[PDB]
């Protein structure tokens, strides 16, 4: 199997490995992209994998050690790919935005790297692997134009988010985010921070504020109450999307819909 750290990376791998080997994802729904704790069973999946796919030590810090052991011909570390380098953005600590799975260009570079490594590992399946990369690239191209069309009219419509995960997607599709607030998903912030957040929402004429799905509706409501800012939801991990050939395209289109549901009109 191909073992991917995060579900969207599993979407990309599942397109390339389709009909050749299974794809498996390590990180559950609602878990921390940085500080999840791998169980011994997860390390064992990793050590047993045909290929491991992850962003790198500045994102999934939780698997850095586990993956040290694994030879280069059996891992794709997306942040380290030569074709990804120039695409890495200043804009989770560290200096560079590591939410790489939301960049269509990096997703393509990721698919290419996975394909190259799988062809080297499984030359008996070269033609199937080639066909799969062909279909992934065709769908990504089609998706890119369609999403690009759907989001173009939303340019200049400002919004805020709670998790600054979206910068690659936003820059690529010309969305205009106003910034983000550090909010606890469980607890509505203290009066002073609630005041500063609400004044920024109003001061900048934000059309929307976008929560993540692990957010209690109450704390979102508290952030938005009495402002005229509409409430939306974004899922940067596509948790409701199943693995398979069309999954990464479905992910990009779903995110666009999620933006457009709130920002529209």
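Positions refer to the first chain, counted from 1.
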- request: Mind giving me a quick count class for deposited residues absent from the model between residue 91 and residue 92? Options are none, 1 to 3, 4 to 9, 10 or more.
  value: 10 or more
field: Between 114-122 and 144-152 (mean CA B-factor, as deposited), the higher
entry: 144-152
Mean temperature factor over C-alpha atoms, higher-scoring stretch between 218-226 and 56-64: 218-226
field: Out of 108, 74, 157, 163, residue topping the C-alpha B-factor column of the entry
entry: 157
message: Among 127, 133, 84, 191, where is the Cα B factor highest in this entry?
response: 191
message: Splitting the chain's C-alpha B-factors into thirds, which one does residue 170 fall into?
response: middle
query: If you rank every modelled residue in this chain by C-alpha B factor, which third holds residue 51: lowest, middle or highest?
result: lowest
message: By the recorded C-alpha temperature factor, relative to the other modelled residues in its chain, which third is residue 97 in?
response: middle
